[PDB]
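Chains as they are written, first to last, in full-length UniProt numbering: chain A, 668 to 878; chain B, 37 to 1508.
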Amino acid sequence: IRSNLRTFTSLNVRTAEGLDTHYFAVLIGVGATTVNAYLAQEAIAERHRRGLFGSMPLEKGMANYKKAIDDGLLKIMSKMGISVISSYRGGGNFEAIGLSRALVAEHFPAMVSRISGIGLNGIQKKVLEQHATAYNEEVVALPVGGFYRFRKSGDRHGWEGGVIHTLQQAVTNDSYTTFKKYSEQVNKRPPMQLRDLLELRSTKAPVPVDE
Amino acid sequence: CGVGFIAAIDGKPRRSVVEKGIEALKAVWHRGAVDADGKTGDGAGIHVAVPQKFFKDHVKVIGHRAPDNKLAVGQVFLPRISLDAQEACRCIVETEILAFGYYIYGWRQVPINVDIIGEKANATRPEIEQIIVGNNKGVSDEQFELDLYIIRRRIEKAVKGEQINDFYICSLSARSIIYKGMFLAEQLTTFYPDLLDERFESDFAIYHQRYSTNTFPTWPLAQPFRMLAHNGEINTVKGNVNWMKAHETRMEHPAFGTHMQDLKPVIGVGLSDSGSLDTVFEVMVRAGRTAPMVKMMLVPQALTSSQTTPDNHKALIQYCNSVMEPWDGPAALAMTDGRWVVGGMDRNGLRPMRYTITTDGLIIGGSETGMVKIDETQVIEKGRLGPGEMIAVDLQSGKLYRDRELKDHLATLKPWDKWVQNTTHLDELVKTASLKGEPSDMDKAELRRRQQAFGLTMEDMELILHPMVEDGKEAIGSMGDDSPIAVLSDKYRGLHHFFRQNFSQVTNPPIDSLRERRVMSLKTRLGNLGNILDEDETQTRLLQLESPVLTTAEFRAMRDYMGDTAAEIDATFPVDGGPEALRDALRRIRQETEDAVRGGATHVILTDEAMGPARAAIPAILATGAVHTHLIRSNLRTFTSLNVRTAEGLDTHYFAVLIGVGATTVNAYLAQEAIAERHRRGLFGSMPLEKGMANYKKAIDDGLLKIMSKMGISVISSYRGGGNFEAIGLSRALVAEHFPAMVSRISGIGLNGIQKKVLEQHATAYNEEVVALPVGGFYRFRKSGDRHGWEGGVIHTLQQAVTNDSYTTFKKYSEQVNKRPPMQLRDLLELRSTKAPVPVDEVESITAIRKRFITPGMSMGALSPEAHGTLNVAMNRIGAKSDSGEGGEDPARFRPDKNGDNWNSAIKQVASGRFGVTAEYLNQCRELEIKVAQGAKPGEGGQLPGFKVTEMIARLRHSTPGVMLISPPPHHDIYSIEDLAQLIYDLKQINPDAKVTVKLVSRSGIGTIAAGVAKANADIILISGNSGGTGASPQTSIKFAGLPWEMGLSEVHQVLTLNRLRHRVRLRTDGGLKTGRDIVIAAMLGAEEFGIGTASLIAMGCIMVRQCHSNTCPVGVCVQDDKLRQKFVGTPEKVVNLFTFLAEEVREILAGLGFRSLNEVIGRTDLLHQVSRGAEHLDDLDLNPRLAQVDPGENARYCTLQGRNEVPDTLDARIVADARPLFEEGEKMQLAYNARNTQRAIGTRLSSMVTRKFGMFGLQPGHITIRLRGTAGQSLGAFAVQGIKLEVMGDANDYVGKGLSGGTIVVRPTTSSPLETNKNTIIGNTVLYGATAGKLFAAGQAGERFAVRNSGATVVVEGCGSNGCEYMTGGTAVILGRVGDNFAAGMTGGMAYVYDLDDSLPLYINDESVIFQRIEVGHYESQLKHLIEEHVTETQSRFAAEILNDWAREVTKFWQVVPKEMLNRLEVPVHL
Ligand SMILES: Cc1cc2nc3c(=O)[nH]c(=O)nc-3n(C[C@H](O)[C@H](O)[C@H](O)COP(=O)(O)O)c2cc1C
Ligand SMILES: CS(=O)(=O)CC[C@H](N)C(=O)O
Ligand SMILES: O=C(O)CCC(=O)C(=O)O
Ligand code: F3S
């Protein structure tokens, strides 16, 4: 854009990491003319090879996938009233929580990022770590996952069984004390949420609770 | 306001350095506009070192580890209302620090307390935030700032490209950080508590509060700037600014690597003058130059060519002057590149700057002195800066350098002289060819016809050229300029007519180019424009003249020496040309110069020589500008010198314009010609045509030096190209297109008109024979071509009218006056209204109206005693007011006479040479008029030819009989607006009843000043037109300085309104008001009072013959000669008739408009419509900007209460209270009180009170004595009459005994101070300014301009800055010590002795009017002795006492300084 060239080509992406509606949307409105999630058509195939769909043609499985991604989008677009993709494209209708200011400014269309976050360096690093895991070692299957739901996995969650128990306990047996261990269970973890990054110091000396 | 600095001489950080820095800032408010709001101020700042504990901890507390290095901080003002922008801002800020790969620990909202801010300010408050950076790259102190610098610019630049407003990085270094903002200095600590933390420690400080011509607060404009802090103003700014546009074309240095381009323009939009300075100072320091070197390259001291200066220094100076053209203007500076800390002065010591050195190894720089407690006991020294000096500290080595020693050092750095010796002075080469014979090659038949082309005349040749040749001085004249304003003229006038010389009013003072010529200069250099960034001898390789001025001889001298190097462009155009002739002509020249310069050319010669019957000449001025500009616009001007040959040039003005619109060099060739022709009819007599030119040339040289001094500028290189004119009459578009920046508030004609008029005059001179020029009636009415306001008929009719007392005759006069073609702007307005008319009876009354009229100040001296008092009688008879004038008023006159008539005048002036200014004069009135300026001669100050200085006159004025009175152009106690401010305070102190007025002269920019005047407590402001009258004044000012009142008066009306001050002050105007309508129109433009001089003179009889300077008045109006004064027929009754008519004619008009009063129409510009078109060609003016209303439609009403803008008490408040007995019983009294730098004008009120009850002299010396410990602030003892005595044990600031009036003031160090009385400063500047009586004793040295204008006070002091005893006219001035440059300049009358231990006085004194000898007669030797005795008695001065102890050997060491003009006048001769 910056160099007056974008009006000359179409820009088409082939992505391996692409799976659901969101990924497409972002891509698309950050430039993309056309997208192709090629390692998913694959993941689909494998699924269809072990008969997980019926005797449904892959051709058809593909169609469905596409339709969902099409409605995938149409929907993400309407969240902002936009009814048409030409106008949505490249428009940058995101908001970056996490990435660094500098970066987002340098590379993406205009999007806010009210707190710079990591930059190329970190990105680099995390990218590569995850890459080792799949090549600088050997791998049987994808882990389970505990994103969409707490398993007793590595993806933590606020509400995980332990704490829930203690809460329920606390409020059934009705002990403030039990309550008080739940909060601790909850307050002693590593940060998971921005408030988590904030200490509370003050300059007054303590007053008695009764007051 | 103030600047200050503090430094630990040893280099080692401390908290006290900051605590002191605050301490200061708490003692400057006495110098500023206090708001009734309690909060609002113009700006304050403190520049200290980034405190690494404090910051590092911070980074630690978030839980990082503190680096080993220094940690940087950016201090940043973000947009505060658009979050969207704050971001853009922070991304940019981060990106930039990021690509240098440094490190961000991140943002920190600065704590602040906005409760102490006013709304105006909270409104424009940015969001203040710190960003913390780390030197992860492990670079060096020096590299970090360098990089950071390129970063800040990078940001600065990008924000700009983004179009982001309100972003601003105060500081961003790891050495220094700035905490400035819009809040009262006393409250810096409150708005920013960080400062109160003990971790804030520092080896240095730089504070600064500031004032302004505003009500609007911008935050970035508060100082200190990044390297700099400035008290003053830099009048030479547009000059500087445009030079950089070229300086830059070549600046390149290796430290910025590939960065340079991001580096330019070094001066962004929206900077204040100082801001722009800091900008330049910075790049230079970022590229390698120390602080002190830069102060010099940019604010170099004056190279007086004298012994006073070692030769090393001179080299250096000469070096600088060749690289960079100064940045002039009053200037106290506080500076620092990373390491050094410097206090500096401008080349004229225009601003105070005391300092103290302590036992604890600190230096505290200051503007006043009581600014921060220090025990006398620990004072090791008490200095000050004088013109040009610096004082400094090298913090790395913890060494202090005083001026000499510091300048020594810099001399040391390079082979200054060897390098300087590299310049070719093509002077002698040029003088040679002149003596070899100024040629001439035209035959009268030609001279005459060209001459006609530029519409020249006899008046021109006789009146103006001649005197130049003869006396080598320019024509003096009299009476105002009543001709049309050029655009409206009927008769070929040349461009130079439309450019008005600018001059300065309250912002800065103008200089004395006579008494102070040694600091000024006209050096000129061709090809010295390379790398301000370089520091190599190759910078001295350039040619050098000593005047941009060249006689046809010298010109060719040069043009030859040039040669292959020069190029000649034909500034001319065809007449057969077509409607676009001159345009394409102007293109052509523009291009041709391009090619030339590109082609390799290094000098350009622009010329009209080929003017002929077929080619009109392009107006040299236009041609020079067109060329210079386009040259700048293509980065080329840095490659040539640009030299002009002009057939139309003749007077000083024309040179000035040419020069300052580009021209390097000028040659008035067809005028040297015209000189010759005159010379071959032996009109110059014996005198060789060569000596002829020589003179011409000096007249034009002093010519310029003067025109320059009008806006304090001391040096042509800064003046050049600076465009210091204002255009009236030419079109906006044009003036923009082709000349440097100048205002032209109403467009005017353009090329097509210009073309048409140029050509018309042309036909006049090549359409047929021409044996004689026409007579001309420009400087005087002839019954010829040029009209004037005052012309015979008109004068007769008026005289008839006021003499026979007929209003009908009056009316016939005014009709005569109003029925002509437009001559003045108001003439282009119609007055139409929408109300039906009212019956005249119904309007306000004459009694009422005439009271808004006043008779201007016209001095006793300029006018006959008879005329003067006539006026005072008329005005008091009708309950109005008159104005004493620049020159005294006789006190006999302080009573009504047997007939009831009252000769005393109601408004007394106060002007530069404080003429009769006395506690009793200042108290015999209702109003004090500070005269900063008259439209006849804005830049300058009165003249009274010597033969008018009668004895009575001389008695009045305490001047010397029959010796001439030329006044200092600036007031010596008004060098900047705070200064005005303080004069107004003293004035309101010595006279509790009067209102104070400020006479100012219209010019664009007046508006703004007007405001400041308003914030300074003035009650009335008077704007004077360009066309007013003068009894004596050079003719260029009478025809080229000033602007019409219709422009200035509205501008003040507008601006004052726009800042909500317009109700604080009343407005008055004068300038040619002869008629009823002239007075109505002035009201509608905003005026409430009108001044009427000349027409009042004419009623007293003036016939407008213009020999007011000559003392040959046919009629007794302006002449001191006795026989001649007997021909005077003026009468009160006549003047009264004048006013009566005027008012009635005013009422007649209002009634037609439907108003029943004047008030109902002030400001009402909706009642005026511009009609007039008055020329053949469509060339029109835009009178809008004058008619516009700021807040049109209904106004809110601010209640104004009847009285004067009142003022805060002082010590006098108590002193008086404590003196009941004095006033009640007569007792004698001794009182004691401490005194701080913050108490001003102490005693003055006392004095007013005493003068009122016992008179200046009814009390015996010492009757009421008040001792004071501590420090007196400005105006100590000002206007003290006899009976009062003030002992100040401690010390004082500027203006001790200003206007001293027979009172006594003594000042000595504290019994306990260990200081050597005579080796330390003790009182400020402009001490005893204009005094007339009393004594002053001072155990110590005094600063600049000591005893200036003293007219009769006796003083003893142990030393004294430069410019001492200047313009003194009476009194005795002893002086136990060394004495500054130019001592006794213009010292026409008193006497000074001067203990000189090194037989040096010879090297410092200004010969011209004075002589020195050793005491010989023994009554003079005795006089001295007794004073010195007194001195000692009063001051217990050892050093003095000791001189007494060895009288014998010692008397031997003094030097009697006695005025030439006093030699034969003196009772006891000075010689044996
Ligand atoms: C003869 C004469 C003497 C003047 N003397 C003074 C003066 O002493 N002080 C001053 O401040 N202005 C002085 N002026 C200017 C007048 O005070 C006033 O500004 C101007 O005269 C009025 O201009 P008008 O002449 O067109 O009526 C003088 C002007 C003239 C003509
Ligand atoms: C206190 S001050 O009047 O010297 C201000 C200095 C400067 N001309 C400015 O506009 O900041
Ligand atoms: O009388 C004087 O000193 C000055 C009068 C004056 O300058 C003027 O009237 O133009
Ligand atoms: S010379 Fe002045 S012009 Fe008036 S005062 Fe005499 S006529």
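All residues carry an ideal CB built from backbone N, CA and C; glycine is no exception.
{"Check": "Is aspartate 1009(B) near ligand 2, in the sense that its beta carbon is under 8 Å from a heavy atom of that ligand?", "Outcome": "no"}
{"Check": "Mapping the DSSP letters down to three states, classify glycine 599(B) as helix, strand or coil.", "Outcome": "helix"}
{"Check": "Compare the C-alpha of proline 1228(B) against each of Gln1238(B), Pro1244(B), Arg1200(B), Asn1220(B) and name the closest.", "Outcome": "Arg1200(B)"}
{"Check": "Between which two residues does the beta strand (DSSP E) harbouring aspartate 738(A) extend?", "Outcome": "No beta strand (DSSP E) contains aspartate 738(A), which is instead part of the alpha helix (DSSP H) from 725-745."}
{"Check": "Return yes when the C-beta of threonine 1066(B) is under 8 Å from any heavy atom of ligand 3, and no when it is not.", "Outcome": "yes"}
{"Check": "Keeping to the same chain, check which residues put their C-beta closer than 6 Å to that of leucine 208(B); ignore five residues upstream and five downstream.", "Outcome": "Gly110, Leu184, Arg188"}
{"Check": "Does chain B have any CB closer than 9 Å to the CB of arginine 669(A)?", "Outcome": "no"}
{"Check": "Any beta-carbon of chain B closer than 9 Å to the one on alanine 772(A)?", "Outcome": "yes"}
{"Check": "How close, in whole Å, do the beta carbons of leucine 220(B) and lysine 75(B) come, if the pair is a contact with beta carbons under 8 Å?", "Outcome": "7 Å"}
{"Check": "When Cβ atoms are compared, which residues of the region 814-830 of chain A fall closer than 7 Å to chain B?", "Outcome": "none"}
{"Check": "Comparing the CB of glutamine 970(B) with every heavy atom of ligand 5, is any distance shorter than 8 Å?", "Outcome": "Here the bound small molecules are ligand 1, ligand 2, ligand 3 and ligand 4; ligand 5 is not part of this structure."}
{"Check": "Excluding the five sequence neighbours on either side, which residues of its own chain have a C-beta within less than 7 Å of the C-beta of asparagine 105(B), listed in chain order?", "Outcome": "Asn171"}
{"Check": "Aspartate 78(B) and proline 328(B): beta carbons closer than 9 Å?", "Outcome": "no"}
{"Check": "When the Cα of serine 341(B) is compared with those of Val335(B), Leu334(B), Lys331(B), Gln354(B), which residue comes out closest?", "Outcome": "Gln354(B)"}
{"Check": "So does the region 84-93 of chain B actually touch the region 253-264 of chain B, counting three or more Cβ pairs closer than 8 Å?", "Outcome": "no"}
{"Check": "In whole angstroms, what is the alpha-carbon distance linking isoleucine 140(B) and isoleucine 153(B)?", "Outcome": "32 Å"}
{"Check": "Can we count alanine 1118(B) as close to ligand 1, meaning its CB is less than 8 Å from some heavy atom?", "Outcome": "no"}
{"Check": "Which residues, in order along the region 122-152 of chain B, keep a beta-carbon less than 7 Å from a beta-carbon of chain A?", "Outcome": "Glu123, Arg126, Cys127, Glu130, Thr131, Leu134"}
{"Check": "When the Cα atoms are used, what is the spatial distance from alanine 338(B) to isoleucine 168(B)?", "Outcome": "44 Å"}
{"Check": "Keeping to the same chain, check which residues put their C-beta closer than 8 Å to that of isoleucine 641(B); ignore five residues upstream and five downstream.", "Outcome": "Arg595, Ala602, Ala603, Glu604, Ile605, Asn679, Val680, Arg681"}
{"Check": "So with CB distances below 7 Å, who are the chain B contacts of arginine 768(A)?", "Outcome": "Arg126, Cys127, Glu130"}
{"Check": "Taking the beta strand (DSSP E) that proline 328(B) falls in, what are its first and last residues?", "Outcome": "Unbroken run through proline 328(B) is the alpha helix (DSSP H), 327-334; no beta strand (DSSP E)."}
{"Check": "Would the beta-carbon of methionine 407(B) fall within 9 Å of that of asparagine 1273(B)?", "Outcome": "yes"}
{"Check": "Is there a Cβ of chain B sitting closer than 9 Å to that of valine 697(A), yes or no?", "Outcome": "no"}
{"Check": "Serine 767(B) and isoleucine 1026(B) - do their beta-carbons sit closer together than 9 Å?", "Outcome": "no"}
{"Check": "Could you tell me which chain B residues have their CB closer than 7 Å to the CB of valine 779(A), listed as they occur along the chain?", "Outcome": "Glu123"}
{"Check": "Would you mind working out which of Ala368(B), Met371(B), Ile882(B), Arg383(B) sits nearest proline 362(B), comparing C-alpha positions?", "Outcome": "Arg383(B)"}
{"Check": "List the endpoints of the continuous beta strand (DSSP E) containing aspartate 919(B).", "Outcome": "917-919"}
{"Check": "Have a look at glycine 380(B) and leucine 770(B) and give me their C-alpha separation to the nearest angstrom.", "Outcome": "41 Å"}
{"Check": "Given 8 Å as the limit, is there contact between the region 805-825 of chain B and the region 492-503 of chain B, that is, 3 or more CB pairs closer than that?", "Outcome": "yes"}
{"Check": "I'd like to know whether the C-beta atoms of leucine 865(B) and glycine 1210(B) end up nearer to each other than 9 Å.", "Outcome": "no"}
{"Check": "Across which residues does DSSP place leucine 899(B) in a beta bridge pair?", "Outcome": "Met896(B)"}
{"Check": "Can you tell which of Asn959(B), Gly1366(B), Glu713(B) has its C-alpha closest to the C-alpha of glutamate 498(B)?", "Outcome": "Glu713(B)"}
{"Check": "Count the other CB atoms within 10 Å of the CB of residue 1509(B); is the residue buried (16 or more) or exposed (fewer)?", "Outcome": "Only positions 37 to 1508 of chain B appear in this structure, which leaves residue 1509(B) out of reach."}
{"Check": "Once you ignore the five residues that flank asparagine 538(B) on each side, which residues in its own chain have a CB closer than 7 Å to its CB?", "Outcome": "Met747, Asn760, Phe761, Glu762, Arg1039"}
{"Check": "Below 6 Å CB to CB, which residues in the same chain sit around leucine 672(B) once its five sequence neighbours on both sides are set aside?", "Outcome": "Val633"}
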